[PDB]
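Single chain ahead, by itself, as structure tokens, in the form deposited in one PDB entry.
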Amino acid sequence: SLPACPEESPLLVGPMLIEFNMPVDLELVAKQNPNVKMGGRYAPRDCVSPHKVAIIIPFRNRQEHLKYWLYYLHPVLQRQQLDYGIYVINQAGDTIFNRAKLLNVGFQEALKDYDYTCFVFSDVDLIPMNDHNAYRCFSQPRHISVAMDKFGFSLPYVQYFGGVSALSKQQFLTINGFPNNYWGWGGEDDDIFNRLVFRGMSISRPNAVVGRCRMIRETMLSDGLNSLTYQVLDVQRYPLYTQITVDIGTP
């Protein structure tokens, strides 16, 4: 019935100022984005998007950062004319953090809501400075956070495929998702760039200016999606996001 959305959205505004010297009230953010449905779900009214994107945020005790993330990304994602939903994967307990495992949980859980075909894995503390940085999938795995605010050496904050990146369902399934046994922060050695290589994939990215983000301030075949185990303890449908609280075990 509806027409397909254009290939490039005409609603983009380009670079935007990101400042964190202003308190955020999510009740106001919700009234500013009234087309977002309960649970953080949105689709264009005027056209059909081919981008069915689940944005997955690994999370634990970062509510202030999340307020800023929602305040800044909901307008961006709509301007990009995406058919998206927001899934916050909250790691229950005080175990060592396991980013990769939570991303696997988010993939499995988001698919219970809707047949997403693209998955954006995003740290809660990275805001894109230009809405030309598409939050969706490409013919190759996509690295969305390319460089940081002040355009310095960026590998510490984003590694090769960290910070914000995107994988289609097929790309995610080809590598059997992320590993589940990397507890803690391992740097550019725990980057799953290795998994993309084994399956003959490379990295796509925008240019470093469009890709700027600002900060709020083998074993593969057996360790991954097919061996994932976890227990969901809570699911909360807030106006602007879904939060899933899970027990992912211990190292």
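Definition used throughout: the rigid core is the maximal C-alpha set that superposes within 1.5 Å between two forms. From 1 onward, residues are counted along the sequence shown. Shifts are known only where both forms have a C-alpha.
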Quick check on the record: how many residues from the deposited sequence are absent from the model between residue 217 and residue 218 (none, 1 to 3, 4 to 9, 10 or more)? 10 or more
So which stretch wins on mean C-alpha B-factor, 239 to 247 or 11 to 19? 11 to 19
Using only C-alpha atoms and the B-factors in the entry, which stretch averages higher, 128 to 136 or 144 to 152? 144 to 152
From the entry's CA B-factor values, the highest among 67, 52, 41, 31 is 31
Out of 208, 36, 57, 221, which one has a C-alpha B factor higher than all the others in the entry? 221
Among modelled residues of the same chain, the CA temperature factor third for residue 104: lowest
Once the chain's modelled residues are ordered by C-alpha B factor and cut into thirds, is residue 181 in the lowest, middle or highest one? highest
Quick check for you: using the entry's CA B-factors within this chain, is residue 194 in the lowest, middle or highest third? highest
Third assignment of residue 204 from its chain's C-alpha B-factors: lowest
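Beyond the structure shown, there is the form deposited in another entry, which is absent from this document and is the topic of what follows.
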With the two forms superposed on the core, which of 171, 165, 98, 154 shows a CA shift of 2 angstroms or more between this form and the one not shown? 154
Verify the C-alpha shift of residue 34 between this form and the one not shown: is it 2 Å or more after superposing the core? no
Is residue 200 one of the residues whose C-alpha moves 2 Å or more between this form and the one not shown after the core fit? no
Quick one: once the rigid core is lined up, does residue 188 have its C-alpha move by 2 Å or more between this form and the one not shown? yes
Direction of C-alpha distance change in the other form, residue 199 to residue 159 (at least 3 Å): closer
Did residue 190 and residue 206 drift closer or farther in the other form, going by a CA distance change of 3 angstroms or more? closer
Once the rigid core is fitted, tell me which blocks of three or more consecutive residues have Cα atoms all displaced by 2 Å or more between this form and the one not shown. 149 to 151, 153 to 159, 187 to 191
